[PDB]
Structure formats: structure tokens, C-alpha cells
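Subsequent text provides C-alpha cells for two forms of one protein chain, presented individually as structure 1 and structure 2.
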Structure 1
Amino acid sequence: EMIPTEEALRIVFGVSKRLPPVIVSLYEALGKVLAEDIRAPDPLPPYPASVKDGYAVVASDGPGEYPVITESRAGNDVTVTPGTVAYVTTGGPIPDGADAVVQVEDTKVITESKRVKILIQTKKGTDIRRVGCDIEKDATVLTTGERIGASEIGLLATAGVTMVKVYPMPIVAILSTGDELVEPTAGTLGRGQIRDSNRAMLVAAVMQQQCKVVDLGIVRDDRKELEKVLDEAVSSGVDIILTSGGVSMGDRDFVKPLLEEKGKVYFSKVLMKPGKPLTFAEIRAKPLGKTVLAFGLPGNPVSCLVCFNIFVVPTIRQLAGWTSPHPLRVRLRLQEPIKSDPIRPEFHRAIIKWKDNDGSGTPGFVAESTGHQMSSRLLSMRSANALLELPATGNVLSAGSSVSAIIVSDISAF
């Protein structure tokens, strides 16, 4: 009853629908996806602006000594005739009659009225931004579907847009279920108790996705309270519910029965390593009516994060309006021998480093293994930035064979 991972997210990509757009402020638009076309209301520059510090001249007059008629520093709104020059700084408006601008280190100084000598001859239009040189009027400078970075903020500011129409981020509710879970603030542990590490992990994992987290806390293994928390969640306005634990084969695992009771489950077992259990349900809020997506993530720590990175991250990007929600996939060569599982494809976590020499004798990517891949050993996720997509061959891949990998974190490194 296991669904392949390719079909698994094919279902999610078919059920998840992009969120309605919202108006936000300029800084609130950082990282979000543009939901409208931006047109510049005036050109840039809206006036002939000097590119270099120096003097606005007539190209015909050529080199020689000339008087400085007026001055036109960046700030103010007189013409120049053949035989006179005007002093300008960068950004300054060019007066009428000027054909070009000579630099200042291409001029000489030369106590009443001042005169300046021009050492070179300039072709017409030298060091001058014509009106609309960089941005023309009413032109599209940012288009729908673009992700707002720092430069796109600078373009919005150039055009005067401080209120932007964007697709918002999904609100995410997160909870843990386990009768053995205690808060991480707990000091000495009692018999059969462990601290709750999946919740704080998912909270931070969603925080990195710039989504609003709503911390529903620890829930015990009982149907009544687990239902109360679920009914609280969907009615609070959340878009995605993230459940950790209570989705296995035990007789107190009420996540699958409660999801299929309140909505429509699409799968509960996935051909994965790790993370054989993975429940994905569609729930409907009953108020403004809206559809809520629910991920019953497995309770094992490394299994929880892995399912988050492969099935929740694209779901978040798709609700936020990304055109390419899928993660970056790269081909790399192995740095050490590693065996694969024969039954299900193993998402082996590795540390990816770019090298100016590998894959053969060319520059490419390499990846060393993090160690043991136990579903409970969270030390395998430590400093892991890649996810090796290993086939279910059961063989041993040599320290040089090429495989496929998913980028789950920014490499940076050296």
C-alpha cells in the first residue's frame, strides 16, 4: 500500500492550490512572490543626468580654455552656448546646449570669475544618461511571478511602489503527539520520558520558510484531545497542519483515523527511506470557507525533518505562488563507499562541498556521508545540506560513482 515518492508529491502538487494575493508594505514584501505587474510612472533618469563629476561641454568646441557659466550640482532644476561650459557633479541635471560631459581629472583648475581648461575632446553624448536611459516610462520593471529580492525592492522603491500586491506565506500549525514527550525545558527526565525535539525542529524549519508558526504544543495519545487540537487548528485560520508522531502501527496512533474522519486522506504509507509512514489529508474548514492541508509527519526525528524538506517545503512554495517549487537537484560524485537499501530508495543525507576538481578531473560537486542513517539518530541530520537519492539496488556504490542529490540547505562552505 506504499505509494512511490514521485506519485506522492504528484498528489500534493495536485491538491495544493496557490493562496489568494494580499497587499503588503515594501519591507513586508521581501522574499514574497509578486502578484502584479509593476510599471514605472516616470522614467529614470527623468532628466538628463551627468554620469561623471566634471563639466558639461559642447562636443564641437573641443579642447582649450573656457569659462564656467553656471553650476549644476545634483539638486537644482540658464543654457550653455558654444564657447562656455557648466560645472556638474554626478546626478546633476545637464543644462540646455550641452552635448557631452568631460571628467574632472581630464580638466585643469585655472580669483574673480573662474575659468577651466578642457584637456580632451569628447564625442557627442559622452558620459550622459538620456531621459529614460536605464528605465523608460510606463515600462514593466517587475512582472508577475517574480520573487522579491533586495534588488527588486530597489526597483519597487525607484518606481514609488511602497504597497505591493503579493502572494502571502502559508500559516503553519505544528504539534507533537506522544505520551513519552515532555517539554525541552525539563531538567532530569523521569522513567520513560524524552524531550520533545520534533516540535522545536519543525518550528525553526518553518521559520526558515518565512511562514507564520502557531505552536499547538504536545498532545497525548488519546482521540479526544487530539481531535480538540485538530478542530482548534483548522478553525483558527491555518493553511497547513504539521503533525509529528502518532501515525504508525501502534494501537494509540489516532492521527490517521482522525484525519480520514475529518477530511480525505490521499496516502498513509510511502516507499521511502526513512519515513515509511507519511499521511497527507485534505481538510475543509466550515465557517469564509477554505481548504486546509494536513501532513501527518512520522515521529522519528530524522524521519520528520526529511519528510518536511521533501513534501512540506514544495507545498509551502506552491501556496506562496512559486513557479518552480521543487528543490534544486544536482548531480555529484561520491566521496566514500556507501551501500543502499534493496527494498525502498534511501534518502541518504550528506555534506555537499563544491570542489574545483572532481567528478573526474573537472570541477563539480562531492558529498561525504554523515554516518549512521538510523531513523532516530538526529546526529545524521547535523550539518547535512544534501539528500542523496539512492536507488533500491542494494549494491555498494564506489567512492567515485555519480548519483542524484537534493539541496536542502545553502552550501556556502569554503
Structure 2
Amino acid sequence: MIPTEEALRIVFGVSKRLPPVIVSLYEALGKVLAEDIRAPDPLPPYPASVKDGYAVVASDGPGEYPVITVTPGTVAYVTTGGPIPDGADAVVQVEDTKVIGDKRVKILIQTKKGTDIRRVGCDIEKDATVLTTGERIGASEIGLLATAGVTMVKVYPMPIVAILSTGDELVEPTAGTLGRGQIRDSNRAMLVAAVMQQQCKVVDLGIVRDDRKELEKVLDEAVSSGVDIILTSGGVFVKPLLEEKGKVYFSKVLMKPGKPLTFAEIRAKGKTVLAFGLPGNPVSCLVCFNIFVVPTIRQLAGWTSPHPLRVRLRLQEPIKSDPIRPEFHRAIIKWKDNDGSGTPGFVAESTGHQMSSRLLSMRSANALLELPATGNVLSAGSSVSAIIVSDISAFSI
């Protein structure tokens, strides 16, 4: 048995960033940039008016002028975002003007040079680096790529993940009345969804029975298909099959929930494939995915910060620590204007009983409280470290 910290260090040391690809602008969304992006022209590329009004020679000052290149004694109409004609050095917004006669315009104020003008390149200078390698592409970065005219982008791809379930007792989730000794396969749909939330392509390999030849054939098809990660759950015939096909780095971790977790590296007949022999118990299966698979997906996708967000929060109820195993205690956290100590902060409620077979303990859990192995009851209002496992922007108030 190895601590979680060593198991992560081993996974980070074995895991390698995927080779970069060129994708279309909308396929680049969510991906990490594999090249720097430079503006080929300035923004704005011409002096642009900030307002609807008249382009003037600021020195002329208040007066009546004909509307027409702008020379002293003349003005020209401009619109927001339109170019300033040559010779004009300032814009007088339409509110500070009046049309005279049944074209002549009366400028009502004394303006200053460069007023209501965006000079060439004041938002983005030509050849300036607008985005760098290692930067994740969100909506604003798509806007910067579009501004710079980059519609084909070099990025790190997401890994392709194969997923299978193991068990003679499993039936498909479409099963109605269950026969003797049968349960619905819940890990596969759960892991397919968890991987879809990580924006990875999934290869669903179905239910495999507790049969060595059958599992070997499915693992071989997975390796041969070109996937980067294989997730199995249960049966940890899995560990011995992964030892035969490649290198197993660990098979047991000091943690609650669970204990078994096999991590292996296989060489395709060639690229390497990472394999996680996840525990069968639904809770341990999803907790191991959150702690060990998520940072691996991120690392393969070129994330420079693959680790999950860790915060400090206050317990809303007392929680019993385990005397030997450090726990990943499921919780529903929220930001409060008063966290219980007077100042604002995160607070956590337990999801109830934490048995590894109890999938209801994962229901609505947006964090994993890291409880050290002291054996003591942590009182309500005491502080703990917590790993955030679901979109912090989608957090309920």
C-alpha cells in the first residue's frame, strides 16, 4: 500500500503530454494552445472613431464648417468604429454639434487632439503576442484568435478513453426485472459521463465477464484501436492481465474509500496507453476517477496546472476521522457570507453515510474533504482542506 501523494507522483511521472494537432477554431475551444499567437495587423488597423459625430482639426475650435481628406476649416461625418479621414485629429460627438441650413455643421465645443479616437493599434499592437503556448482556450481566447485571423489553431488534443465494466453479476442498465444474483452495470455509464464532462472522446467497450481470455481480447482491441487511456472497473483477473501486457506501478493505495487501484502503462504494437484498473465499488470507482484520472486527462491534454482546486472550508456538522486511512469524505459545499466564524467563507455538509457501496454518498457531492487519519471527531465549525470536483462556476448559492 502506497499513500495517495506517491500514487499521484507516479502517475504524473509516467503520464506524457499528447502530440499537438491543428484544429478548426471551434474545435480549439477547451484545448490548450500548442503555439504562440501573434496579431498580423493592429487593432484597430486604422484610427477608429469611438462615437457618431464629426472628425475635426481640434485647433479650429467652435464654429460653423462645411461637411466634406479633412483640412483646417472643414469636418467629416464619422460613425462608431469607422475610420478617421486623413487630416482630422479629433472627433466631436454628434451631441456637441448641430446641422445649420436647409451641408454645414456647427461645432459647439473646443476639443483636444485624439478625442474619441482609438489610434492604430491602441487595443492590440501589430506583431504583439495575444496568446501563448500552454494557455487554455475559453470564449475570450476564441475572440482573440478570431481578431488575429487565426481559424486553424495548433493545440494539444484530449486523450481518447476506452471504458469497460467487469462482472458475472452485471446486466445492462436497460434490464427491467433482475434475475438472481444480478445488478445493473452503473460504473460504465457513470465513467462514460465523467469522461464526457472532461471533454474526451469515449470508446464504450461494454460489460466483460470474469473470464481471463475474454478480458485479454477486449484489452487487446482497446490497445489496438488507438486510445490513450483505458478505464476498467471491478476485478482488482484485471491486475494480472495488466502485469502481463505492460508495467504495473501500484495496485493498492492507503485511502478511504477503498484500497485497490491498479495503474499500468502498456505499449501498443507504437504509442503508450495508460490503464486504470478502478475499484468495482461505485463510490471508490468515482473517487479514484476524480483524484487520479482527472489530473491524468489534464496532463495528456497539456494542462500546466492539472491538479484540482483545493480550498479551506468549515464543517457544518461533526465528522468522525478514520484511525488508519485518510478519507476523501464527500460533501456539498457552498460559499456563505458568514462561514460560522464571522467572516465570509466556504462551508461543507456531509452527504451522510460514506460506505464505498453507497452511490447516494456521491449524489450532489461537489467536493472531497481531505480528512487526515487521526481517529478523532472533527467538531462543527472546524476547518479542513477540500478538493473541488465539479464546476465552481456552476456552484449553487
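Rigid core here is just the name for the largest C-alpha set that superposes within 1.5 Å across the two forms. Numbering for residues begins at 1 and runs along the sequence of structure 1.
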Of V312, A49, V366, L34, the residue at the hinge of the rigid-body motion between structures 1 and 2 is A49
How far, in degrees, does the smaller rigid part rotate relative to the larger one between structures 1 and 2? 8
Fit the two forms on their core, then tell me the C-alpha shift of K123 between structures 1 and 2 in angstrom. 1.8
Core-aligned, what's the Cα displacement of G178 between structures 1 and 2 in Å? 0.4
Supposing the core is put in the same place in both forms, how far has the CA of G64 shifted between structures 1 and 2, in Å? 3.6
